[PDB]
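A single chain, nothing else alongside it, follows as structure tokens in the form deposited in one PDB entry.
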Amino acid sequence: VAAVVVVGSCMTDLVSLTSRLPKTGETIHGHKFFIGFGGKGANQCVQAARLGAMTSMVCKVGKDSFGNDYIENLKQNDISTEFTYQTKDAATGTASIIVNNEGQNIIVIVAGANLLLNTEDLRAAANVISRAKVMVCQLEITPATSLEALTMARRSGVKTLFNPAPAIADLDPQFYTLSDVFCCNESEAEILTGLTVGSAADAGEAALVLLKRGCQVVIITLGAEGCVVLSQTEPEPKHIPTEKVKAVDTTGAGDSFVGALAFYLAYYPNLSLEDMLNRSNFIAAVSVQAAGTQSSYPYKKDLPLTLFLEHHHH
């Protein structure tokens, strides 16, 4: 049994390294190309699996080489692929990424097969969703499919962790009311609320607007400032800082955070939210110390033992 079930996206990353970013109408040469594995849903599932979660990815990829290779990436990370569907009717989702020597980029995302994950696929996954401890979803599949997954999870008493990423300004109200944990970043929170979110203070105001739409718990992640949390039972904002580290590459840090939080929700339910967030921050900040999105996510064996204690730790 998979205790963390991620209903969401997989994307093949097609990355070209250049010295300068091209403009409209330009052809340029780069010096290296390589392929990597991304998608917010797969990223989150990877982090939770590497911490020791029994995970399953509910997703759709193409009946194509990229899709086959994605399946193998999931397997290599000890993720169940029992609900990794394929389709003849769309290509695997892609992210075509051009990167310069300073790490600035142009990204073109084509959702592809991710949008064909459908009701009938969710119905086939009903038992796996219902038997989980946590169901995680984002907004890189059809929003209605995410909503159906939240609905199914809630009907089974399964904890719902919703990551509205990338954000949409006007979400169906049920996105809020069906979310036990609503987790977003500063820029997302700006889009959802129409407010500036630069600081922890600003995040507390944004988070309260989100809480009042019917979330049980709101978390806004804040980069190097950690995160801010509020809940229905404790609506005063709590700012949970992260220790200073030397960041190499922050890409994917949010997905690291969310995957770690899903792990702790499923495996350490006894812990307070604050303790779960302290630990999640730590893991995410480990990921920012290395290049390469999924390749940067740490494994349990590489992490401090104190992150896995059953009790509250000073």
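Residue positions are given as counts along the sequence shown, with the first one as 1. Here the rigid core means the biggest group of C-alpha atoms that line up within 1.5 Å when the two forms are laid on top of each other.
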Quick note on 97 to 105 and 193 to 201: per-entry mean CA temperature factor is higher in 97 to 105
The stretch whose C-alpha atoms carry the larger average B-factor in the entry, 15 to 23 or 299 to 307, is 15 to 23
Scanning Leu139, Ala91, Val217, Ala124 for peak Cα temperature factor in the entry gives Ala124
Name the residue from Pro269, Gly52, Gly39, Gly252 with the greatest C-alpha temperature factor listed in the entry. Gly252
Could you look up the Cα B-factor of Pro164 in the entry and say which third of the chain it sits in: lowest, middle or highest? lowest
Would you mind ranking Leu178 by its C-alpha B-factor against the rest of the chain and naming the third, lowest, middle or highest? lowest
Within-chain third of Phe66 by Cα B-factor, per the entry: middle
Taking the C-alpha B-factors as the PDB entry records them, is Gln289 in the lowest, middle or highest third of its chain? highest
Split into thirds by Cα B-factor across the chain's modelled residues, where does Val4 land: lowest, middle or highest? lowest
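One more form of this protein exists, namely the form deposited in another entry; it is left out here, but the text below deals with it.
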If you fit the two forms on their rigid core, which residue out of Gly103, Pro166, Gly223, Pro173 shows a CA shift of at least 2 Å between this form and the one not shown? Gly103
Core-superposed C-alpha of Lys301 shifting 2 Å or more between this form and the one not shown: no
